[PDB]
Amino acid sequence: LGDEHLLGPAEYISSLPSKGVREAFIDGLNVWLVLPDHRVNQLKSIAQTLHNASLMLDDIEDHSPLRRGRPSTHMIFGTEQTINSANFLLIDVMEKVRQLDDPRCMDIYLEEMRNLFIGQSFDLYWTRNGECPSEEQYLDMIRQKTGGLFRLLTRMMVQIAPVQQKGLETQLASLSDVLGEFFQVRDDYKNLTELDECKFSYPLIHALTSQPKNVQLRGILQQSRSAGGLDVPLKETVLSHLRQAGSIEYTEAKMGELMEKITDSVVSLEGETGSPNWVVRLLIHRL
Amino acid sequence: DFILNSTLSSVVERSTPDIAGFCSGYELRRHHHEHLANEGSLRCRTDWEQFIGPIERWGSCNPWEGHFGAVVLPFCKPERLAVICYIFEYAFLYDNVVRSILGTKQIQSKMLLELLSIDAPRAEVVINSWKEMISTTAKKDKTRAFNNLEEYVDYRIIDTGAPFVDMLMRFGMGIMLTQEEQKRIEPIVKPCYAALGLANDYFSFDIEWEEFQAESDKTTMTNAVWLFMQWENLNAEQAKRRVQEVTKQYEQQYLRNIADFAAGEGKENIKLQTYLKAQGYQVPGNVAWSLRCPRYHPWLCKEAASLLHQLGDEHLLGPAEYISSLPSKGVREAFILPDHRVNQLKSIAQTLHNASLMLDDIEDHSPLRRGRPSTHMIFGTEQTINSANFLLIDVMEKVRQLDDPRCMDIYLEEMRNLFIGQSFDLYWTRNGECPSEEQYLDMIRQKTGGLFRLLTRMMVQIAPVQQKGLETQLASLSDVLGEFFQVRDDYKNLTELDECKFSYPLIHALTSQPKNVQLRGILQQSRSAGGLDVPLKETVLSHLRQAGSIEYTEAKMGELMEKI
Amino acid sequence: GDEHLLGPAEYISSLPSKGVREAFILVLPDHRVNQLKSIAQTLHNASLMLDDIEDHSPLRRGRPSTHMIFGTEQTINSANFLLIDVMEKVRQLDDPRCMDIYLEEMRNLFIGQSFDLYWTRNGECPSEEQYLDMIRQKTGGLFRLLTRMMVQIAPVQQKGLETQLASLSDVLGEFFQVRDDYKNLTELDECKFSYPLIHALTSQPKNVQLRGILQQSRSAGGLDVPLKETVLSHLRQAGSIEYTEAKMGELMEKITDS
Amino acid sequence: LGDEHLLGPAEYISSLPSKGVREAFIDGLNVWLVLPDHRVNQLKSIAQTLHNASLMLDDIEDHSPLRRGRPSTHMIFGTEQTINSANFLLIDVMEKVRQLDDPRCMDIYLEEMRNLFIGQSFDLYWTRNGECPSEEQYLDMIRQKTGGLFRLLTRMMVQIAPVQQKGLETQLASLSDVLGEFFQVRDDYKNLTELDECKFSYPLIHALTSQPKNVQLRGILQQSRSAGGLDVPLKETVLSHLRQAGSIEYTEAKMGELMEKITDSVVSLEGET
Amino acid sequence: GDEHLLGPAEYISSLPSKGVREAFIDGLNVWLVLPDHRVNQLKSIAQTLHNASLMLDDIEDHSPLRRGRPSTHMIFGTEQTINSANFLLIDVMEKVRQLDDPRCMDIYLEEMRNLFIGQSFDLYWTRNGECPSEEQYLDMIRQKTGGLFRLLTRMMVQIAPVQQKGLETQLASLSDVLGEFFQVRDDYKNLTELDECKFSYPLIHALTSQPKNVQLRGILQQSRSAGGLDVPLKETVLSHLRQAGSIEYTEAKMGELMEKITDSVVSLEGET
Amino acid sequence: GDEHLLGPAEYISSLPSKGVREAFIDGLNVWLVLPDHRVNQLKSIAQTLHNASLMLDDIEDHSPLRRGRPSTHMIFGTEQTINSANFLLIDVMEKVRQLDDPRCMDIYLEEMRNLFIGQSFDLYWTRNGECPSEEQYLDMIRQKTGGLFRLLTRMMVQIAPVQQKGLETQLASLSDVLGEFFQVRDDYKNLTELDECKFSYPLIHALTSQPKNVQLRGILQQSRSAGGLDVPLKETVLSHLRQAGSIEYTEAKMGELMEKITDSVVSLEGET
């Protein structure tokens, strides 16, 4: 009895195409924080493992048969094996945080994993019960769910960073939160403009709030919940109801405001530190 | 939109049909905005010094004949030119070497931002050809020996970056082309890349040979002159004429090549005609620049500079309190020093057991626990999984409150063993595989004896010194006790299947009788349908009683108790 | 012919019945009373025929339901013709003002049933006022219809007492529904809200166990026995079985007063 | 309290594309029966509401996910809500026939609705229990199920017709009956030449009657009933079985005869007027 | 390896039986008087054929249980059970040739052809929901159920020592009547003392006498739609059947068949 | 009548076919020199047996289509198709008895025993998800697929007019190699350009050469449980096979079998 059947689901999701947002975020924060390549690689490994475990778990709780155009992990190893592997990967990550040689890096891990799980709990509750949240309740959840890994990486980086640069944490954390919000709203737009699992999104809440009497949209959102999915004509009908409440332009306004905030925070940090980053300005032009 | 604009550059007159014995029949042009080209290269020189270090080897500037991209890319648009020449200067110094990592990534991103801000689709093509070149150069042995010219040429096509420069020309031309035409043109353009590469070998040889004779650690070189040494051993200057001729064949090779396309679509396909005609313009530019570039002749470098100078946890702690409220028969607390330490260890054991039970009920599809409904029937499957994932993190903090550095590692290693055991159990349950007796007994030493070993190894660490040797004995006792619990649970469930779980009696039944098809068929029916009904369960028990596998189990229970 | 149209209607009219509607049925001549009893009978039969389909109930009075002997579609068609036949029956009563009474009361009944069906399907819990207004139309609509039709064809005199009798009918229907809520859990398979359930979910805004069990019931087609007992325990702890008996007493008090 | 959940399925199907046959029929009848515009609009509303209710109900009892390329009413609101809204539209129309200022218009409504329900009941029986009707039996079912609305509109249109014109009653009833038969034979022919719910048709009865020993067709007609629907390869086999028996030519001949009757009736009616 | 082939064939043999075929074989041996080894051979043939028929019938009716114990296709699967049932016919081909008579083969093949025709009509009426007439139903169960008895008796008359051969038509008639009686008995017992939509003798009478009973016809179709009926609907069917005298019309058939059996047996003693 | 018994058989006979059996018989006839009437009888036997085999296989494989046309059990049902296949097996026994040879039945019975044994092993491996060895797989496919060829060969040699002394073992070896080649060819064709979880030479080589490829085994179990592999999973299986080198192994086996085929044909040509 040694290994395999445990790391197998973990290795399958690692050998898959990936954009590399979090690794580039770490490498762009290193320009401001200046860390040895050893520590940067360790943090990158931590981030990679965490993201892989998150994707493993989120694919099971979306009934998604495919990922990146390739079969998901639970369609090759079973749901129970994937759950076991994703459970182990959190123990494996805490073996890496301890190798960063700091007692204060464990408290950060154990205090932001709490926030990640709290956000995902509300997401799952809303999805299962079919209860529409408010805009505040939805924006505070995605700031604690999609912007939790970024906050982990930030607050750990500004802890191993050689003394001096510790007053940058507040701005560097506001940047992480606004980036998480931007990344969630961007995906929400991309899926819609260019609900089968009954996942709420920023466009949908505006539609269900502005029109408290649209009995047609709420009927399709229940047909999806009962039948288990929306076929193409019903998806077209839903996408059409969102182009009459102005829910594809409200999202654009939010996206523009968020990007303005990101640009302003980057400029403030670049005026406080020195020469242009040029590495956080490229992950922005790629949105 | 597919016609080359001749007003952007003017033809350069030459008195001889060839250029130093090269490029007969080619016509040379020089761009009309050389003032823009020099700006980009000087920017890279300033930035490279700021971010990386000082330079010495000169680059692409040549004051007498003109800029590299000027003579090599004579039809580039004026608005795209400065960025184009910026990349060329980078390519020169990057090849040389191949805070430092910061400057390298900052500069790799300053220019890769200019490219993607100008033309998103075509800049998407160029970066792969770059990535392909840097990957291929590093992944190819520089000590590799080349047996023939054809073998070397295939290496040299990607080494000198002729496709990379080709991608650059398309970006400077606004020419976008599909995949289908690409398969048409590789044999057409293949001689051109050889001509470009060999000329670079021929002209750069003198300084490279000087670098050779300076560098005594040299393996086989990537160089036509030096590699022709192996095949037709002779004098370098005489070889230069030989190198002159073999390249000169390629000078007219691609020149003629076109015919192939011209015959096919070189009379109607204007887009490829202009593309393959511009590709013909590359060969003369390289030699004209390479006649007198500072990149090969360091002695004019001083002279060259002279002229050039002018909300809440209510849905997270929802399944974690329901499973902690159902009736319990606690045997782990009984297995468990100061009072508060014992209470902390009992809390840890309780939380770990609750998480294990929550996960176990899902992977058994059991709708009932202690007569009461299961956790995933009150809170769903996904929420229970999410809470079972935070229970580990919650236990993780409780361990740290038992202040000791070494209680951390014990927890991590013990949980690794638990997960390995559970993974083997799950693999055997799903992929219809009957384990051996040794494999089954070793699996239950980790999946079931893991918690006991964890608690014991923590309490021996927390305990006030005194007890020294009571580590091996207690651990062995914990392993045998977990085995006894698992075998007992296997015995109780049968004498006084619905999820296809292998038990201790069942393994004996399937092993002692290698030919019993009824038991295996009923097991497969359980696998397929989902569970077994009462008559089939009675059939299974009858088979087990006939096989004498129920008294084989009681021998294990009595023997395990004797060890305890 | 008419064998495949009158089939389900004949079958549902042969099952044993409580006959409260006929007992409910002003000095009127006998033939008018028989006519009104026939109207009430066929209307209740159509209501039961449609309700059995919208609740997936295999059994009615222990005996099989109509849609398990004739099919869903034929039962629906027979119910529609049952409404048409009630229309024909009211016509034979020969009174021009009963026409509007019947149409208005039918509209109210359909509104009430529409709200009930929307709440059941979409998993939206109404408030106390909304629930107590829906059951004044879905269940008290028949009593109000019969009372308003009975008053009009009564010899003069009894004409100013229409309001009193209508209030009595509404409160009576409310009493029947609140009783049927009590004697259904103190003695969910279709995720039907009730008075105790509304009290439980309103008084406790953070009880996630009850809401989770209800959601499990929704995407299962019904609850099995242990979870039903869990729901009963939650209601009995919340004090909703006793909050219902206060409504039942208050309604009976108003019945006595009215 | 409100109407948003009652008049939601009714309004959804009333915002869909339509052909307008039932309204062009009223417009065409208005020539021989000169009528005020207000009454014509009332009757058009009546016909539209009845057609909408019929379409709403015949989509639940056909397990049809889509209608005119757009999602059906029961896939947006639910089966029970659609049924509840459809049984209310019968009451709503019953208030509109009452606004035509004629006691006799209610009897016509109450009789033709009975005939429509009888026809639909027989069709539902033959669909549920896979019992093949005779050609005559099928031709009497569709003279009520489909021609019922036309007859209903016609007989409630010669009643408000200003005096004089009452003699053109039987002729128009025959015209409506032939129109109802034709509009169903045409739909069967279009559906075939250009069974998923196991519905009989005029071409499919001739095949089962002329060939009493065709065991292949009678088993493909049962696979659809059992599984729930036929695949394309089985549909091709059914079409090939029907083509060899000459059923399509029989359908074309019936269509031709029906159109001859329609033109004869029209020429006679314009002759009288 | 004859282990995944003979497997299902031994499970169905291990199960308890009633031994009606063996008793029938013993029954006609007093009149036909033939040696013991041939009797054992014939009994083995009959046992194998009956086992194959039961194995195939259990699959074609979705019966999880048989004799209280689980069916063969719930221990070995459907495909292996079909394979073993198909091999049992080939095994019976081997068994018949050892009887040392060329005509036994022709008799066997003809009887199996009749048996398969009867079973085919049964399956067609079950799947398509077509109610047979009384004549068609009695013709079918005369071949499907009386086929084995006719096979055995026609082989017995051939094997038996010379002399008695004119008593072959009488015994064939006896076998047909006995099979008919057995099938009607099974129908009556299953009714008084159609989860797979089976047409029985009592049900045909009810469906013929009352050509307008929509309730029974709708319950029969719900059976098809749901693949079985629950207890209340079965009670409804039983009530419908005893309001048309379909239980009292079956006892008359049983009594007439028993009278015919008694007369045939008596006549079979006056020539012997 | 036999409209419900002979229905499925006629339907599957009407379907387009390749004609491998008839061509093989015609090819052997040049060496054996049988009269035309016997050759047509043998072609009829081969056609009936092949049609019955396909009828049974389509049911036991959950194949909804055959040659791009609806399968027999999708037009007549499972039970009727099973009954028709059993009657087809019984029918062939009436055809092999018109060959005027007592020895022509022993061959039929023994080759049918071998055929059923092979099919039983295939069914057991498919249902239980057990991977056979290459030796076991090749032994099996030598009997299931090389069964009809061997049966036809042996019967032709028995009926062959006089002579034909040594030409029995060589022809049986040819038949076995031919059946093996056909099965491997079908395997290669199906894979190159799992729904029922059927094992194959490329798949066995993969599962044996890689004793720790968990991904392939997981995808196979997903196919077993779900009921079939949707397209990207099948491409993943093909990628695993290409990585393991199974396709080249299959091609080598194909070539090595064709060498024996050529040598056997050369030798038999040389003798005759």
# chains A, B, ... in the order shown; residues from 1 in each chain; ligands from 1
$ residues_around --residues "residue 18 of chain F" --least-positions-apart "4" --cutoff "12 Å" --atoms "only C-alpha atoms" --output "ChimeraX atom specification"
/F:13,22-24,47,50,67
$ write_last_selection --atoms "N, CA and C atoms" --output "CSV table (one decimal), in the first residue's frame"
chain,number,residue,atom,x,y,z
F,13,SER,N,-32.7,-11.5,-42.7
F,13,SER,CA,-32.2,-12.0,-43.9
F,13,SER,C,-32.3,-10.9,-45.0
F,22,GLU,N,-20.3,-17.5,-47.7
F,22,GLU,CA,-20.6,-18.1,-49.1
F,22,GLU,C,-19.4,-18.1,-49.9
F,23,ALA,N,-18.6,-17.0,-49.9
F,23,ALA,CA,-17.3,-16.9,-50.6
F,23,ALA,C,-16.3,-18.0,-50.1
F,24,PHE,N,-16.2,-18.2,-48.8
F,24,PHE,CA,-15.3,-19.2,-48.3
F,24,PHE,C,-15.7,-20.6,-48.7
F,47,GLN,N,-25.9,-19.3,-43.8
F,47,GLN,CA,-26.6,-18.0,-43.7
F,47,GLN,C,-27.6,-18.1,-42.5
F,50,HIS,N,-25.5,-17.8,-39.3
F,50,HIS,CA,-24.9,-16.4,-39.1
F,50,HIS,C,-26.0,-15.4,-38.7
F,67,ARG,N,-25.9,-2.3,-39.6
F,67,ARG,CA,-25.7,-1.9,-41.0
F,67,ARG,C,-26.4,-0.5,-41.3
$ interface_residues --of "chain C" --to "chain E" --cutoff "9 Å" --atoms "only C-alpha atoms" --output "VMD selection string"
chain C and resid 3 to 4 7 to 8 11 59 62 to 64 68 to 71
$ residues_around --residues "residue 3 of chain B" --least-positions-apart "6" --cutoff "8 Å" --atoms "only C-alpha atoms" --output "list in words"
residues 270, 271 and 274 of chain B
$ write_last_selection --atoms "N, CA, C and O atoms" --output "compact mmCIF listing (two decimals), in the first residue's frame"
# COMPACT_ATOMS: atom_id res chain seq x y z
N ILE B 270 -3.30 36.45 -55.40
CA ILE B 270 -2.37 37.55 -55.20
C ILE B 270 -1.80 37.55 -53.79
O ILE B 270 -0.62 37.87 -53.58
N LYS B 271 -2.62 37.19 -52.79
CA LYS B 271 -2.20 37.30 -51.40
C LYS B 271 -0.93 36.50 -51.13
O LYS B 271 0.03 37.01 -50.54
N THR B 274 2.15 37.99 -53.25
CA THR B 274 2.80 39.10 -52.58
C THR B 274 3.54 38.63 -51.34
O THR B 274 4.63 39.12 -51.02
$ closest_atom_pairs --of "chain A" --to "chain B" --cutoff "7 Å" --atoms "only C-alpha atoms" --output "Markdown table"
| residue | atom | partner | partner_atom | distance |
| --- | --- | --- | --- | --- |
| A:3 | CA | B:420 | CA | 6.3 |
| A:5 | CA | B:423 | CA | 5.6 |
| A:6 | CA | B:423 | CA | 5.7 |
| A:31 | CA | B:102 | CA | 6.4 |
| A:61 | CA | B:382 | CA | 5.8 |
| A:80 | CA | B:363 | CA | 6.0 |
| A:81 | CA | B:423 | CA | 6.4 |
| A:84 | CA | B:419 | CA | 6.9 |
| A:87 | CA | B:389 | CA | 6.5 |
| A:88 | CA | B:419 | CA | 6.6 |
| A:91 | CA | B:412 | CA | 6.6 |
| A:110 | CA | B:393 | CA | 6.7 |
| A:117 | CA | B:390 | CA | 6.8 |
| A:118 | CA | B:316 | CA | 6.1 |
| A:121 | CA | B:315 | CA | 5.7 |
| A:122 | CA | B:315 | CA | 6.7 |
| A:124 | CA | B:383 | CA | 6.5 |
| A:278 | CA | B:110 | CA | 5.7 |
| A:279 | CA | B:109 | CA | 6.0 |
| A:282 | CA | B:113 | CA | 6.1 |
$ write_last_selection --atoms "N, CA and C atoms" --output "compact mmCIF listing (two decimals), in the first residue's frame"
# COMPACT_ATOMS: atom_id res chain seq x y z
N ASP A 3 0.91 5.19 -2.04
CA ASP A 3 0.43 6.20 -2.98
C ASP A 3 -0.58 5.63 -3.96
N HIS A 5 -4.08 6.05 -6.58
CA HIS A 5 -5.50 6.08 -6.23
C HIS A 5 -5.78 7.29 -5.34
N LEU A 6 -4.74 8.03 -4.98
CA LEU A 6 -4.82 9.23 -4.17
C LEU A 6 -4.28 10.44 -4.92
N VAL A 31 7.70 41.99 -8.07
CA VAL A 31 8.41 43.20 -8.48
C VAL A 31 8.37 44.26 -7.38
N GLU A 61 -19.48 19.50 -7.61
CA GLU A 61 -20.69 20.23 -7.24
C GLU A 61 -21.09 21.21 -8.34
N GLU A 80 -16.09 9.71 -5.30
CA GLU A 80 -15.51 9.48 -3.98
C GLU A 80 -13.98 9.56 -4.01
N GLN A 81 -13.35 8.98 -5.03
CA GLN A 81 -11.90 9.07 -5.14
C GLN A 81 -11.44 10.50 -5.31
N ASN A 84 -11.69 12.29 -2.02
CA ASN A 84 -10.59 11.88 -1.16
C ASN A 84 -9.29 12.58 -1.55
N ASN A 87 -9.44 16.18 -0.56
CA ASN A 87 -9.27 16.28 0.88
C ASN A 87 -7.81 16.14 1.28
N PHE A 88 -7.09 15.22 0.66
CA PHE A 88 -5.67 15.09 0.95
C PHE A 88 -4.89 16.32 0.54
N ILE A 91 -4.28 18.80 3.25
CA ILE A 91 -3.23 18.38 4.18
C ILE A 91 -1.86 18.56 3.55
N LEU A 110 -5.01 29.44 7.95
CA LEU A 110 -6.15 28.94 8.70
C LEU A 110 -7.24 29.99 8.89
N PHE A 117 -14.26 28.97 2.67
CA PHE A 117 -15.33 28.02 2.91
C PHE A 117 -16.65 28.71 3.25
N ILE A 118 -16.60 29.83 3.97
CA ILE A 118 -17.82 30.59 4.24
C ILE A 118 -18.46 31.10 2.96
N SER A 121 -19.96 28.20 1.04
CA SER A 121 -21.17 27.70 1.69
C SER A 121 -22.40 28.49 1.26
N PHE A 122 -22.31 29.82 1.24
CA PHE A 122 -23.43 30.63 0.77
C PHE A 122 -23.72 30.38 -0.71
N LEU A 124 -23.27 27.57 -2.38
CA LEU A 124 -23.97 26.29 -2.46
C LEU A 124 -25.39 26.38 -1.92
N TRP A 278 5.13 47.12 -14.97
CA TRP A 278 5.21 46.54 -16.31
C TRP A 278 4.82 45.07 -16.32
N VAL A 279 4.62 44.47 -15.15
CA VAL A 279 4.20 43.08 -15.06
C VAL A 279 2.77 42.94 -14.56
N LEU A 282 0.46 44.11 -17.68
CA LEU A 282 0.19 43.17 -18.76
C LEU A 282 -0.92 42.19 -18.43
$ residues_around --residues "residue 167 of chain E" --least-positions-apart "5" --cutoff "12 Å" --atoms "only C-alpha atoms" --output "VMD selection string"
chain E and resid 28 31 to 32 153 to 154 156 to 158 160 162 172 to 174 264 to 265 267 to 272
$ closest_atom_pairs --of "chain E" --to "chain F" --cutoff "9 Å" --atoms "only C-alpha atoms" --output "Markdown table"
| residue | atom | partner | partner_atom | distance |
| --- | --- | --- | --- | --- |
| E:1 | CA | F:117 | CA | 6.8 |
| E:2 | CA | F:117 | CA | 6.3 |
| E:3 | CA | F:117 | CA | 8.5 |
| E:4 | CA | F:120 | CA | 5.6 |
| E:5 | CA | F:120 | CA | 5.7 |
| E:56 | CA | F:79 | CA | 8.8 |
| E:59 | CA | F:79 | CA | 8.4 |
| E:60 | CA | F:79 | CA | 5.7 |
| E:76 | CA | F:124 | CA | 8.7 |
| E:77 | CA | F:127 | CA | 8.0 |
| E:78 | CA | F:60 | CA | 8.1 |
| E:79 | CA | F:60 | CA | 5.6 |
| E:80 | CA | F:120 | CA | 6.3 |
| E:82 | CA | F:82 | CA | 8.2 |
| E:83 | CA | F:116 | CA | 6.9 |
| E:84 | CA | F:116 | CA | 8.0 |
| E:86 | CA | F:86 | CA | 6.5 |
| E:87 | CA | F:116 | CA | 6.7 |
| E:89 | CA | F:90 | CA | 7.9 |
| E:90 | CA | F:109 | CA | 6.6 |
| E:91 | CA | F:109 | CA | 8.2 |
| E:93 | CA | F:109 | CA | 8.0 |
| E:94 | CA | F:109 | CA | 7.5 |
| E:106 | CA | F:94 | CA | 8.4 |
| E:109 | CA | F:90 | CA | 7.0 |
| E:112 | CA | F:90 | CA | 7.8 |
| E:113 | CA | F:87 | CA | 7.0 |
| E:116 | CA | F:87 | CA | 6.6 |
| E:117 | CA | F:5 | CA | 6.1 |
| E:119 | CA | F:83 | CA | 7.7 |
| E:120 | CA | F:5 | CA | 5.6 |
| E:121 | CA | F:4 | CA | 6.6 |
| E:123 | CA | F:80 | CA | 6.4 |
| E:124 | CA | F:4 | CA | 7.0 |
| E:127 | CA | F:77 | CA | 8.1 |
$ closest_atom_pairs --of "chain C" --to "chain B" --cutoff "9 Å" --atoms "only C-alpha atoms" --output "tab-separated table"
residue	atom	partner	partner_atom	distance
C:206	CA	B:314	CA	8.0
C:208	CA	B:318	CA	7.3
C:209	CA	B:378	CA	6.0
C:210	CA	B:378	CA	7.9
C:211	CA	B:378	CA	8.3
C:212	CA	B:378	CA	4.9
C:213	CA	B:378	CA	4.9
C:214	CA	B:378	CA	8.5
C:215	CA	B:378	CA	8.4
C:216	CA	B:377	CA	6.4
C:226	CA	B:373	CA	6.2
C:227	CA	B:373	CA	6.3
C:230	CA	B:373	CA	8.4
$ closest_atom_pairs --of "chain D" --to "chain F" --cutoff "9 Å" --atoms "only C-alpha atoms" --output "CSV"
residue,atom,partner,partner_atom,distance
D:213,CA,F:3,CA,7.6
D:215,CA,F:7,CA,7.1
D:216,CA,F:75,CA,6.1
D:217,CA,F:75,CA,7.9
D:218,CA,F:75,CA,8.4
D:219,CA,F:75,CA,5.0
D:220,CA,F:75,CA,5.1
D:221,CA,F:75,CA,8.6
D:222,CA,F:75,CA,8.2
D:223,CA,F:74,CA,6.7
D:233,CA,F:70,CA,6.3
D:234,CA,F:70,CA,6.4
D:237,CA,F:70,CA,8.3
$ select_by_dssp --residues "segment 20-70 of chain D" --states "alpha helix (DSSP H)" --output "ChimeraX atom specification"
/D:21-32,37-60
$ select_by_dssp --residues "segment 48-257 of chain A" --states "strand (DSSP E)" --output "PDB file with N, CA, C and O atoms, in the first residue's frame"
ATOM      1  N   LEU A  66     -17.348  18.035 -18.393  1.00  0.00           N
ATOM      2  CA  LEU A  66     -16.145  18.389 -19.131  1.00  0.00           C
ATOM      3  C   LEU A  66     -15.476  19.589 -18.477  1.00  0.00           C
ATOM      4  O   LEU A  66     -16.116  20.381 -17.783  1.00  0.00           O
ATOM      5  N   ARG A  67     -14.173  19.710 -18.715  1.00  0.00           N
ATOM      6  CA  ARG A  67     -13.385  20.827 -18.208  1.00  0.00           C
ATOM      7  C   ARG A  67     -12.247  21.070 -19.188  1.00  0.00           C
ATOM      8  O   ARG A  67     -11.505  20.139 -19.513  1.00  0.00           O
ATOM      9  N   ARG A  70     -11.856  18.724 -22.020  1.00  0.00           N
ATOM     10  CA  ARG A  70     -11.408  17.383 -21.692  1.00  0.00           C
ATOM     11  C   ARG A  70     -12.219  16.830 -20.529  1.00  0.00           C
ATOM     12  O   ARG A  70     -12.789  17.592 -19.742  1.00  0.00           O
ATOM     13  N   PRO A  71     -12.315  15.504 -20.401  1.00  0.00           N
ATOM     14  CA  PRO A  71     -13.158  14.930 -19.346  1.00  0.00           C
ATOM     15  C   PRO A  71     -12.699  15.350 -17.959  1.00  0.00           C
ATOM     16  O   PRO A  71     -11.506  15.498 -17.688  1.00  0.00           O
TER      17      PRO A  71
END
$ interface_residues --of "chain B" --to "chain F" --cutoff "12 Å" --atoms "only C-alpha atoms" --output "list in words"
residues 427, 428, 429, 430, 431, 432, 433, 434, 517, 519, 520, 521, 522, 523, 524, 525, 526, 527, 528, 529 and 530 of chain B
$ atom_distance --atom1 "atom CA of residue 133 of chain C" --atom2 "atom CA of residue 173 of chain C"
11.0 Å
$ residues_around --residues "residue 40 of chain C" --least-positions-apart "2" --cutoff "9 Å" --atoms "only C-alpha atoms" --output "list in words"
residues 21, 22, 25, 35, 36, 37, 38, 42, 43, 44, 45, 86, 142 and 146 of chain C
$ closest_residue --among "C:148, C:60, C:192, C:121" --to "chain D" --atoms "only C-alpha atoms"
C:121
$ closest_residue --among "D:44, D:22, D:111, D:84" --to "residue 53 of chain C" --atoms "only C-alpha atoms"
D:84
$ closest_residue --among "D:262, D:245, D:75, D:13" --to "chain A" --atoms "only C-alpha atoms"
D:75
$ residues_around --residues "residue 200 of chain F" --least-positions-apart "3" --cutoff "7 Å" --atoms "only C-alpha atoms" --output "list in words"
residues 187, 203 and 204 of chain F
$ residues_around --residues "segment 103-113 of chain C" --least-positions-apart "6" --cutoff "9 Å" --atoms "only C-alpha atoms" --output "ChimeraX atom specification"
/C:133-142,144-145 /D:1-3,5-6,81,84-85,87-88,91-92,94-95
$ atom_distance --atom1 "atom CA of residue 209 of chain F" --atom2 "atom CA of residue 258 of chain F"
24.5 Å
